[PDB]
Every structure is written in C-alpha cells, then in structure tokens.
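The structure under discussion appears below in the form of structure tokens.
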Amino acid sequence: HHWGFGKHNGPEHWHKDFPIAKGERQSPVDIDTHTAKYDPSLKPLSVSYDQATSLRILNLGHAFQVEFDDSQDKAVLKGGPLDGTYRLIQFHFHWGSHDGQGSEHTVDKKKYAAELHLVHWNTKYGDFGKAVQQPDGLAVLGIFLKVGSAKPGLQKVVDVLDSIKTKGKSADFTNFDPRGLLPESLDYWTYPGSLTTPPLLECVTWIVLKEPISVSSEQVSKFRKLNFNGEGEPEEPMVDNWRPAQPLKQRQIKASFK
Ligand SMILES: [Zn+2]
C-alpha cells in the first residue's frame, strides 16, 4: 500500500505514513485573491534556463519527471522572494481525468487542467537530498495549464510519452529547453509550503505564476494515456495525480501585483 492516487492509498490516507500531511506549512493551497497581499517590495523573478541540460524522462509511477544535470551552475532560479540561488533538478506535472480539474493550486477555487512544477534546490546545501531537510531548501515554480492553442515547447514531452507508458520505463530526453514551458509574464504569488507528494517535507518557497500557459487538448490528453501500473499489470490510466488544496493556516500569500 505504497502511497499513490487510488481510492485506498490517495491523499486522504497519506497522513498515516507521513503525519506532516496535517502540518502547518502544507501545499498546495487555494489562492484567495482578495486575501493575498500585494507587496510592492517583491522583485522580479530571475529564471535562467539557457544552459539547462536535460538528461532523461522517467515514469515514476504516480507521474513522469524530466531530470536535469544540476552540476550546471547556470540553470538557476533566483530573485523574486528568494535570498539564494536554486538549481533546476527536475520538472513534472499534475493533471486530471478531464480538462476541468488537474491543478494542485487553485485561484479563487478555480481548477486548471494541469500544473507544471519546476523544482530547484538551494545552492547553500550541497545537493537535493540535503536541501529538503531545510526550511528554505527548495524553490518550486508552479505554472497552470489551460486548454487552447498548442504550446510548441511542450511537444517534445508530449511526443515521448507513448514510449514510457508504464511505471519504471524511461527514455533519453536530451536537448530539451525548459524556457519553452514559460508564459510571457513572470508575475507571481508566493508563500512558504511543502512538497505535494510524500514525504511532504516543509522545505519549499512556492512561486506560482499568475499567467497560465496554453496547451492544446491533444497535448494534455496524451498525459492521460500514461499508466500508474507496471508492464504486464492491469491497466490503470495515470489521471488525477493532484493533491487537493490544504489549509493555509498561519501563512500569508503575497503577490507581485494587485
Ligand atoms: Zn509537483
């Protein structure tokens, strides 16, 4: 009964193995735009992906992840609410069983068709594993996906997914430029929170972009053809791998805009 997104092992059950699931700094959250606070002191984000080096793409079971060479010192997220520099290690998505749900963060309760997380670790701490043990260990850039026109910079991802249908499969995924996954504007909300899969560690500065990227119905539908199961096991399509919004509790969501 490893955690996952079935009826028996899904988000409602995670607290039994990971009691921090009911903790004080859990993610995702609903972003209530009336109660979020515009902070004029929040500076622009700095996302430098020019020299990011993608390596491989893996079906981990609950989702797929594209991994990067985080020995590169130039593929970095910094600025914004951050007081350090953070190296890109991987990205992945969350999505639904239909276009009407799939995002983890919500905006005034609005759910998007999917959400992209670009995960970066703090260069103060040596590596990812050591970083997640610190309250400022990770900076995750979250980006909503809505269905409309196609996102060209996502196509290489969409095209490869048929090769990694079942858990444990992977593919070469070199020369992928994650700049192609960013919207035009980098206006953002930000708050302190957690990983949204177990172990749910409270080590993340969340930066959630106001502007969603547009992806086509065809592109997001490919996500739903992935499987949670391993090869030869009964087919279980990989859908609804999003943790729902958790209580904000003490925290203050801040915005770079009104
Ligand atoms: Zn995520």
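Letters A, B, ... mark the chains of the structure tokens in the order given; residue numbers begin at 1 per chain; ligand numbers begin at 1, in order shown.
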Under the rule of at most 10 Å, produce a per-residue listing of chain A near ligand 1: chain, number, name, the closest pair of atoms, and the distance in Å, as a tab-separated table, using only C-alpha atoms and all ligand atoms.
residue	atom	partner	partner_atom_place_in_ligand_line	distance
A:27	CA	ligand 1	1 (Zn)	9.6
A:28	CA	ligand 1	1 (Zn)	9.1
A:63	CA	ligand 1	1 (Zn)	9.0
A:65	CA	ligand 1	1 (Zn)	9.6
A:91	CA	ligand 1	1 (Zn)	7.9
A:92	CA	ligand 1	1 (Zn)	6.2
A:93	CA	ligand 1	1 (Zn)	6.0
A:94	CA	ligand 1	1 (Zn)	6.3
A:103	CA	ligand 1	1 (Zn)	9.5
A:104	CA	ligand 1	1 (Zn)	8.0
A:115	CA	ligand 1	1 (Zn)	7.7
A:116	CA	ligand 1	1 (Zn)	6.9
A:117	CA	ligand 1	1 (Zn)	5.0
A:118	CA	ligand 1	1 (Zn)	7.9
A:119	CA	ligand 1	1 (Zn)	8.1
A:140	CA	ligand 1	1 (Zn)	8.4
A:141	CA	ligand 1	1 (Zn)	9.5
A:142	CA	ligand 1	1 (Zn)	8.1
A:194	CA	ligand 1	1 (Zn)	9.9
A:195	CA	ligand 1	1 (Zn)	7.0
A:196	CA	ligand 1	1 (Zn)	5.8
A:197	CA	ligand 1	1 (Zn)	7.0
A:241	CA	ligand 1	1 (Zn)	9.2
A:242	CA	ligand 1	1 (Zn)	8.0
A:243	CA	ligand 1	1 (Zn)	8.9
Mind checking DSSP for segment 61-163 of chain A and telling me the strand (DSSP E) residues as a VMD selection string?
chain A and resid 64 to 68 76 to 79 86 to 95 106 to 107 114 to 122 138 to 147
Shell around residue 47 of chain A at 9 Å using only C-alpha atoms, local window under 3 positions removed, as a ChimeraX atom specification
/A:75-79,179
Could you work out how far atom CA of residue 32 of chain A lies from atom CA of residue 247 of chain A, giving the answer in Å with one decimal?
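Atom CA of residue 32 of chain A lies at a distance of 11.8 Å from atom CA of residue 247 of chain A.
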Give me the residues near residue 30 of chain A as number ranges by chain, where near means some atom within 6 Å (using only C-alpha atoms) and where sequence neighbours in that chain fewer than 3 positions away do not count.
A: 105-107, 245
Could the residues in this selection be written to a file with N, CA, C and O atoms, as an mmCIF file, in the first residue's frame?
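And here's again.cif as it stands now:
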data_model
loop_
_atom_site.group_PDB
_atom_site.id
_atom_site.type_symbol
_atom_site.label_atom_id
_atom_site.label_comp_id
_atom_site.auth_asym_id
_atom_site.auth_seq_id
_atom_site.Cartn_x
_atom_site.Cartn_y
_atom_site.Cartn_z
ATOM 1 N N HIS A 105 -2.551 23.859 -6.975
ATOM 2 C CA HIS A 105 -3.024 25.185 -6.590
ATOM 3 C C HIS A 105 -4.295 25.523 -7.346
ATOM 4 O O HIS A 105 -4.516 25.029 -8.460
ATOM 5 N N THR A 106 -5.145 26.318 -6.705
ATOM 6 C CA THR A 106 -6.360 26.850 -7.309
ATOM 7 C C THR A 106 -6.360 28.363 -7.075
ATOM 8 O O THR A 106 -5.640 28.862 -6.205
ATOM 9 N N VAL A 107 -7.144 29.088 -7.866
ATOM 10 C CA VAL A 107 -7.213 30.540 -7.770
ATOM 11 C C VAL A 107 -8.673 30.909 -7.595
ATOM 12 O O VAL A 107 -9.496 30.700 -8.500
ATOM 13 N N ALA A 245 -6.168 21.191 -2.479
ATOM 14 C CA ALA A 245 -5.766 22.319 -1.630
ATOM 15 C C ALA A 245 -5.858 21.946 -0.151
ATOM 16 O O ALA A 245 -6.820 21.287 0.288
#
Among segment 14-164 of chain A, which residues carry a DSSP assignment of helix (DSSP H, G or I), reported as a list in words?
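Those in segment 14-164 of chain A that DSSP calls helix (DSSP H, G or I) are residues 14, 15, 16, 19, 20, 21, 22, 128, 129, 130, 131, 152, 153, 154, 155, 156, 157, 158, 159, 160, 161, 162, 163 and 164 of chain A.
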Sort by chain and increasing residue number a table of all residues of segment 47-162 of chain A within 7 Å of segment 202-212 of chain A, each with its closest pair of atoms and their distance in Å to one decimal, counting only C-alpha atoms, and write it as CSV.
residue,atom,partner,partner_atom,distance
A:132,CA,A:203,CA,5.5
A:133,CA,A:203,CA,6.8
A:134,CA,A:203,CA,5.7
A:135,CA,A:203,CA,4.2
A:136,CA,A:203,CA,5.4
A:137,CA,A:203,CA,5.3
A:138,CA,A:204,CA,4.7
A:139,CA,A:205,CA,4.8
A:140,CA,A:206,CA,5.3
A:141,CA,A:207,CA,4.9
A:142,CA,A:208,CA,4.5
A:143,CA,A:209,CA,5.5
A:144,CA,A:212,CA,4.5
A:145,CA,A:212,CA,5.3
A:146,CA,A:212,CA,6.3
Per-residue nearest contacts segment 189-246 of chain A to segment 165-168 of chain A, cut-off 7 Å, using only C-alpha atoms, as CSV:
residue,atom,partner,partner_atom,distance
A:226,CA,A:165,CA,4.6
A:227,CA,A:166,CA,5.1
A:228,CA,A:167,CA,6.1
A:229,CA,A:167,CA,5.6
A:230,CA,A:167,CA,4.7
A:231,CA,A:166,CA,5.7
